[PDB]
Each structure stands twice: as C-alpha cells, then as structure tokens.
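Q: First the structure, which I've put down as structure tokens, then a few questions once you've had a look.
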Number of protein chains: 4
Amino acid sequence: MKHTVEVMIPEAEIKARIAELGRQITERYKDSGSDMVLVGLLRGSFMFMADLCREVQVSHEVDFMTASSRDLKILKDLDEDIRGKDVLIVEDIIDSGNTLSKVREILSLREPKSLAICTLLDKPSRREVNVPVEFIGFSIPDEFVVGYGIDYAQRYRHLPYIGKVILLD
Amino acid sequence: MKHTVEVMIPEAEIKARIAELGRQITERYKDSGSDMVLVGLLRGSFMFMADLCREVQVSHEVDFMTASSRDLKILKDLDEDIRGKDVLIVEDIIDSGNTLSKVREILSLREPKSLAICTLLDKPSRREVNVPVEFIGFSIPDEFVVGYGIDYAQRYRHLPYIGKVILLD
Amino acid sequence: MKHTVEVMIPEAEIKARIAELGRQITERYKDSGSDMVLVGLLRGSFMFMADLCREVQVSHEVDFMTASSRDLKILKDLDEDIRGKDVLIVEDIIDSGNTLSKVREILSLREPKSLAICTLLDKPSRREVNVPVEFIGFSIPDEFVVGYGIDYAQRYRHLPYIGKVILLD
Amino acid sequence: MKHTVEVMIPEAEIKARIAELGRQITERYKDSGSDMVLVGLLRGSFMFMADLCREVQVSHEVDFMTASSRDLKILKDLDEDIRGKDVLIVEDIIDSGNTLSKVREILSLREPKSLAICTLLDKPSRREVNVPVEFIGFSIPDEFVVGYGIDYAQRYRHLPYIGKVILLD
Ligand SMILES: O=c1[nH]cnc2c1ncn2[C@@H]1O[C@H](COP(=O)(O)O)[C@@H](O)[C@H]1O
Ligand SMILES: O=c1[nH]cnc2c1ncn2[C@@H]1O[C@H](COP(=O)(O)O)[C@@H](O)[C@H]1O
C-alpha cells in the first residue's frame, strides 16, 4: 500500500470539460419546460455535482441519493419527487455500470419525464452491464485513479484534480 | 377527532386466521428449495409479521423495509439480498394498492426467485390499482381500522385485535 | 456449521414471563400521565415487541429504530419524537451492552421524560459496558441461543421459542 | 410568493473567503497527526463542502450526514467512524443553532479526537442556542438567502453566488 499520486487530469482541464458538459446539458434541456433535478450519487459525486450544476444554465433542483456499490440497495433515497420531471443522474465515474444500471431502473419506476446519466469519468473496458450514458467528461483506460470524489483508503477524495496512484514497491 | 373504538375482528379470530394463512403459505413454499424471506413493511405490519412467521413451517429469514406512500421512496431498505429467493412481502393492510404495487416493482428489480404478497386486511372497495395479492387474512368493508400494529394518529398499534374507530361519539 | 437446535425456553414459558413483564411495565407507568412510546431495535426485537406491547396496559406508541451492531451509527432513526415522553427501549437480548448503551445516549439527547430498557434475554457475563436495564425476561449463561428474533446464519429468527444451537461435529 | 433574487455575496467574494478559510483550517490541523474528516450536512452544504475541502491542505476524508431540524433525527448517518479523529462539521448556514447544536452532541458521543464546526454563512441575530462555531465564512444580516447550495422552495441551489430573495416584487 506504499505509493504516491501524480496528476493525470489537471483541475484546469476538468473545469473546462465541465463547462462544456454544462453547455451540452443546458442545450439539451433548455426547452423542455418541465422541472429538472440533478441526482448525485453519494459519496462520489459531491464535488462533480457542485461544479457541474453551476454550469447548467436551466433552472433545476439538486438532490442526492446513496446506493450500496450483491443486491443494489438504497441507503438514502431522494428527498424530493421526480415524477414528470427531467432527471439527470450524476456520478463521478462509471466502470462496471452495475449500480448506475440499477439506480436508473429504480428511478424509472417513478415515471420521470426523462432519465439520463452524466459521469465525469468513463471506463468503457470495465463495463459489465450496458446502460446508456448521455454525458461523459473523460474516457480513460482502466487506470488506478483518485481525486475529485474518488478515494483510495479514505484518501484523496478532496483532490481538485484526477490523479493516478503510483504503487511504489 | 372525538371518537370511540369498537372491536371489528376479535383477537382469537385473528389468531385462527393466521394459523390458516400459515398452513397455506407453508404448503405453497415447502418444496421450493431456495432460500425464503418474508419482508414486512414497517411500521404497521410488525405485529402481523411476528405472528405470521411463527406459523410458517419452512425455514426462512425475516427482514423489513419502510416506504413512503407522491413518489414511493425507500426510507429503510432490506438488510438481505433477495435475488434468487422466494420473497413474501408481509403487509398489514391494502386498500388503494398504490404503495404495495410500487414496493413490489422495486423488489422485482432485484430478481428474486419468486415474489408474492400477504396482507392481513384488505379493502377491495378502495382499490385504485390492480396489484397481485396472493394471500389475504380478511377482506373487510371500508372502515377506519386500528390495532394489531395499525394506528390512528400514532395510537392503538398495541391493541391485540382489529378495531374500528367510530368518531364524534 | 453442521448442527441442530433444541428447545431451551418453551414459548409457553416465554409468553408467561412477558405477561409478567407487561404487568411490571404497566404498574411502573400507569400513573405517569405523559405519552409513552416503546422503541424496538431492528431486526431482533420485532417479535418480542409484538408480544410485549400487547401486555402493556397503558396507552403507548410503538416505533422502531435500527443501529449498527466500531462507531454505533443509526441506519434508521425513529419516525416519531420522544421529547417529554416516557421511552422504553425494547431489545431481544443484551450481552456486551455496547449498542444498547450508545442508543440510550442518543435518545437521551432528545430529552424524553424518562428512559428505560427492557430485554427478553440478558447475558450478564458478557457485559462490557455497564448500562441500566430495568426489565429482563430471562438471565442466561453465555449459551449459543436462537429464535424469537435471534438468528444464526439468517435462520431460526421465526422460531416461537428460544433454542440452543447444538454444534454437531 | 412572487419574488426577486438579488446578489448578496458575489461568487468571487465567496471563492476568496473560502481560500482563506482553507488556510486557517489547514494551519489549525496540520500538526495534529490523527485522521481528519469533514462532515457536511446535506443537502444545503454539498457545494460549500466541495470547494472547502479543496482548500484544506491536510490529508482528510469527506463524509456527509443528513438530519431533521421537533426532535433531531438522523436521516442518513456517516459511513465513516470518527472516534479518535479530528472532525470538522461543514455547514452552509447557522442561525438559530438548534440543529447544529444537536448534531454536534450526537457526534460528540462517538468520542472523536476533536470536534469543531465550519459554516459558510452566519445569522447571529437569529441565534437561540449557544453553540461553538470555530470557523465562519460570513456573518450576515437576517436575509432569506439562496444559492450556493441553499434553496428557496427546492430552488436556486445551483447559483454560484449567495443571493437574497426580495419577494412581492
Ligand atoms: O384505515 C387505515 N388507517 C391508517 N392507515 C391506513 C389505513 N388503511 C391503509 N393505511 C395505510 O396505507 C398503506 C397501504 O396502502 P396501499 O398499499 O397503497 O394499498 C398501509 O401500509 C397503511 O400505512
Ligand atoms: O435563509 C434560509 N433559507 C432556507 N433554509 C434556511 C435558511 N436559514 C437557515 N436554514 C435551514 O436551517 C439550518 C440551520 O439551522 P441551525 O443549525 O439550527 O441554525 C440549515 O441547515 C438550513 O437547512
């Protein structure tokens, strides 16, 4: 467990990609006319949600939810209703796609006007369950990453950039 | 809010009906062979659960879940995994069928081997949604019942019998 | 893990002790005049709570709560308030006394009129944290018990009696 | 309910104040040596948390907790253990001091190495309970503020600045 962390994706770059995601999300929803709510998955999405929602130029609500990353259970459900609203699930990263997949199903049952997912990172190679992912900040190989909500031994979660854990020998 | 409570279903009557329900549920699942779990919906069904599981002659586990009743949110999810298991949802009362209908959808997503519902009381005259109910203790008229876990303004759950509030008397 | 279960405390005896606990609890509170609420710890106390509350002859509420049996956390808090009320925590068994001890502290902060604990079983020898326990159904040595809410490998939780797990070789 | 929103604290002003708070908190805990954890109180403080932890130059973990505000109930407890750790409760706003006062009592029970509070906004003119607040971003007049995580009828949390609702205008 002896190691070091080096910057992989500088915060300045993360900020740029998010602003763009924001324009994209805004453009995609600005004319819906229905209520919108960004749904972040805890703990991972807190930082990403913070920045992202500020880049979304349409009036919207911000709610969080926390699932158990065998059965995907709900430790903390949404505080507000989503029925008839536009819901954009926000996660820091998708790899296997299991939790995201199940969470999308659960929310689907509440009959929202629509459902989409926006992740800061995407690890295509690790996918195990195909699930739609409308907005992605970065596509990366299966690297040992941390920061921006992603931890390693309850650490680096507060880093302003995405770094890679170099596992010293 | 001034009111009276009259007996609707005496304790002995309930005790007998539950023994029967027990035999029936037992007969149904005795030859399944996969794990079985009864899921009571807090708060109202804790008493019915306590008595019912004691009449179920097949080895099972007991878990609980608490749900809201606009969107149906999970205030307390199961501690157990139900995937590939016979699941018997234990409810105290079904009238409109909204909440149960949804709770059932949510568990269905976890892919249990089988999914059924067992309710103590049933007000068919109140049904708004078609929902499969495999076991019913009593089909009753549209009375405001209390006791045996059920309440009236956080009151009467401890009554050993199902009673009906009269009011203005 | 190969074993068998033999009856240690017959349900008929459990029922008798509970009726007596009920008289004792009733006598102790009947003149308070304040609101009363029995607080059961999930999953363990569901069955005991069911029977016990029926033996308590004073008007009271029934709420449940579930803690994490290193830090004692609250997975599901009470649905109702206890401030200014008489609160009787109900558990199936106390051994180390850790969870019970912490739960009593947490509820204490809400300033209830009073706080007491009632357990069906007590394992004095295993105590690690001294905490008051006003009502006990049975005092037993450190036996491998199951039933009446107490499980073993998600099993025997529904047994109507307290049995001892004979660990066959 | 007809209203207007005016800027009260511009985004740049907040950004600068947080950098300062960051230096201060860093200076305070840099030589402690035990694990440290910032606990944000959902929902209102997710944004302040996101920005604050990035200015804290000491290795820490980030966790969240959601509480009610008559009795103070835990709707979502921490995922981490705080025993023997420096704990920095991260709040968005403190006015009466009731909720924080209680949340602090609850965590205090888990025996952390140290326990402090850091709030972005403060309405001293609204204080009803004496509660220790170690770090404050801004002491403000009694205005109904929104933005930067804070809301008005589930609205405005995404604003990058603290604004004040005007109403009937
Ligand atoms: O007579 C009643 N008094 C109090 N609550 C009731 C009564 N009938 C139904 N409920 C509530 O409605 C729920 C069942 O709703 P359903 O599944 O939508 O039919 C129960 O779990 C109860 O909490
Ligand atoms: O101006 C306001 N608008 C909306 N909610 C507020 C406002 N001021 C305080 N609150 C709520 O009150 C809580 C703080 O209460 P305290 O800790 O009891 O002082 C915050 O977490 C908010 O949820």
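We number chain D the way Swiss-Prot does; in order, the residues shown are 1-69, 78-177.
When the header is checked for method, it gives X-ray crystallography, 2.8 Å.
Cβ from N, Cα, C; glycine included.
Swiss-Prot lists D:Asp103 with the feature active site, proton acceptor. Taken from Swiss-Prot, the feature diphosphate binding site covers D:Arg43, D:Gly44, D:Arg165, and the record attributes it to similarity to another entry. Annotation source Swiss-Prot lists Mg(2+) binding site at D:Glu99, D:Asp100, citing experimental evidence. According to Swiss-Prot, the GMP binding site annotation covers D:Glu99, D:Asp103, D:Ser104, D:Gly105, D:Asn106, D:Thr107, D:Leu108, D:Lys131, D:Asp159. The IMP binding site annotation in Swiss-Prot covers D:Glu99, D:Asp103, D:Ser104, D:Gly105, D:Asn106, D:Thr107, D:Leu108, D:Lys131 and rests on experimental evidence.
Can you walk me through where each of these features ends up in the structure?
A: Long-range Cβ neighbours of D:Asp103 (active site, proton acceptor) (same chain, at least 6 residues apart, Cβ-Cβ under 8 Å): D:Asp130, D:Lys131, D:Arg134, D:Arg135, D:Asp150. When secondary structure is read from DSSP and collapsed to three states, D:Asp103 (active site, proton acceptor) falls in the coil class.
When secondary structure is read from DSSP and collapsed to three states, D:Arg43 (diphosphate binding site) falls in the coil class.
The Cβ neighbour count for D:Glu99 (Mg(2+) binding site), using a 10 Å radius and every protein chain shown, is 24.
The 10 Å shell around the Cβ of D:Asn106 (GMP binding site) contains 16 further Cβ atoms across the protein chains shown.
In sequence order, D:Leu41, D:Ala67, D:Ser69, D:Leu80 constitute the residues six or more apart from D:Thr107 (IMP binding site) in its chain with CB-CB distances below 8 Å.
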Q: Take the C-alpha atoms of D:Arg165 (diphosphate binding site) and D:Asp100 (Mg(2+) binding site) and report the distance between them in angstrom, rounded.
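A: On Cα coordinates alone, these residues lie 11 Å apart.
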Q: Please report the distance from the Cα of D:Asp159 (GMP binding site) to the Cα of D:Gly44 (diphosphate binding site), rounded to the nearest angstrom.
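A: Checking the Cα atoms of D:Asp159 (GMP binding site) and D:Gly44 (diphosphate binding site) gives a distance of 7 Å.
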Q: In the deposited model, 8 residues lying between D:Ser69 and D:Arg78 are absent; what is the Cα-Cα distance separating these two residues, in Å, to the nearest whole number?
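A: Flanking Cα atoms: 6 Å.
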Q: When the Cα of D:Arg43 (diphosphate binding site) is compared with the Cα of each of the binding-site residues D:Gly105, D:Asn106, D:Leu108, which one is closest?
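A: So, spelling it out, the nearest of the binding-site residues is D:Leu108.
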Q: Kindly assign D:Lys131 (IMP binding site) to one of the three DSSP-derived states: helix, strand or coil.
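A: Looking at the DSSP assignment, D:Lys131 (IMP binding site) belongs to neither helix nor strand, so coil.
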Q: Tell me, how many other CB atoms lie within 10 A of the CB of D:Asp100 (Mg(2+) binding site), whichever protein chain they belong to?
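A: Around D:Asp100 (Mg(2+) binding site), other Cβ atoms within 10 Å: 25.
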Q: Are there binding-site residues among D:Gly44, D:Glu99, D:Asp100 that sit within 10 Å of D:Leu108 (GMP binding site), Cα to Cα? If so, list them; otherwise say none.
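A: Candidates kept after distance check: D:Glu99.
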